[PDB]
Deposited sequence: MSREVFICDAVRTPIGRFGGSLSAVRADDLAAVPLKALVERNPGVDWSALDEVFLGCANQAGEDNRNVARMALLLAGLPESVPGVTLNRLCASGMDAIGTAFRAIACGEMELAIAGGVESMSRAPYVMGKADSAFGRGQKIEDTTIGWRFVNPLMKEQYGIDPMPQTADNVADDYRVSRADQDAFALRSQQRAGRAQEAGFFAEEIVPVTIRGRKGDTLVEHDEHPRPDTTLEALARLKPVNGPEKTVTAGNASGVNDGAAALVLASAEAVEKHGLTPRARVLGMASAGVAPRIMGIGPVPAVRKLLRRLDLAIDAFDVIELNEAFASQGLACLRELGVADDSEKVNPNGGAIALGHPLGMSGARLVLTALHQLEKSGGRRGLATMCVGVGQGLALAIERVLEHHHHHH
């Protein structure tokens, strides 16, 4: 192993479904943070960029045929730069970062961009080919979210629980009450409201231009509900019926966004005049039962911390993706961290900010690093649950 440094990092705002980014093609959306990294670091010879690594969970729409390569071409990067796209659903953007990290760490590259994109607004319909002449069985399925082309052997053995059903399964199996879930969701809105007002998100964001009438600029996260009250949350009806616990209020949404980071060896930092902001420590993955996918981060974090020989206490910032309050609380309880820890999602998370699957994992690493710089903390841990039962964890350390 040699050392690997995260240098510059930017993200787009995150839009609501059908919202402020809904007119931006996924490939063009993935380009925006790449173009911004080129314009923010003008001292770099971009023909020395070894690879662009992007996470993308869909890849059926405008993000088809390796959107990493589509996006780097659209962003103005030299045609000599290769690109590759990663799919670990919800954790694709974190996976891109770990994958760029491992490539640099064993000496195969010097300089890379890793991040992620999802346009859930523009997710297309898919239709299976007829497998016989004049086939009457064709159907179209929405790829915004959820299962399509269901394998009967998968449904039989593992189920096809929608994500909110998995979050109810976690609330049942780990005993996470409606009240604790709603209190977690309120803290995410409150912390994100304070961060919004302080300009913490504006420090992360690069704006998107919508060419419409006249050009407009998207600059603000659209998903947050900073006026949320505990009383409003307690009135919401659960997604899966009156005795369940998961609601639209204690869960993230469907969203659009992109993010990208520079990773570099020590030599690349010195050749290209980069600011090394953090060292990557490592990434680990784990499988769990698909029906309780939200608990994924517990064995992923434990595999990483065992190999790094570190306790959860060694971390000043923990970014635990808030796909659902039920699974966030259950992961914190298993790992021995207080429900309301100020070290965990200190500026709020996905319940406030939304969850464009491919982008989210890149956002978590980006914002952990950002919060370490503001707080003068040392170690950061980013972790998230993954559809069909996985977790992923990635640790960093601020450069002193």
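Positions of the deposited sequence absent from the coordinates, in order: 1, 214, 403-409.
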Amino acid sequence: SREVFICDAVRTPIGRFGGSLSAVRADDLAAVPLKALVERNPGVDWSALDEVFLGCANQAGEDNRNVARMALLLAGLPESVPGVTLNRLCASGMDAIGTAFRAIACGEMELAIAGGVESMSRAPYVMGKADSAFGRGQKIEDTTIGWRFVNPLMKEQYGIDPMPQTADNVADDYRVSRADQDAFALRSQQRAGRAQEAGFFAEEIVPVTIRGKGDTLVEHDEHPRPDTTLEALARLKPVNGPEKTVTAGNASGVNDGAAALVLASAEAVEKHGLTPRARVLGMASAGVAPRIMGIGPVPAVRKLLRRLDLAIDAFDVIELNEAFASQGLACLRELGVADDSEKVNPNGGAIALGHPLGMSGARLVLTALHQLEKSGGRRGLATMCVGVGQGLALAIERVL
From here on, numbers count along this sequence of modelled residues.
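Comparing 59-67 with 27-35, the higher mean C-alpha B-factor in the PDB entry belongs to 27-35. Taking the mean C-alpha B-factor of each stretch as recorded, 334-342 and 49-57 are not equal, and the higher mean is that of 334-342. Of the candidates 179, 251, 295, 94, it is 179 whose Cα B-factor is highest according to the PDB record. Remark: of 127, 192, 100, 217, 217 shows the highest value [criterion: C-alpha B-factor in the PDB entry]. Split the chain's modelled residues into thirds by C-alpha temperature factor. Residue 236 is in the highest one.
In the deposited entry, the Cα temperature factor of residue 352 places it in the lowest third of its chain's modelled residues. Ranked within its chain, residue 227 lands in the highest third, by CA B factor from the PDB record. Split the chain's modelled residues into thirds by C-alpha temperature factor. Residue 271 is in the highest one. Annotation for residue 242: CA B-factor lies in the highest third of the chain's modelled residues.
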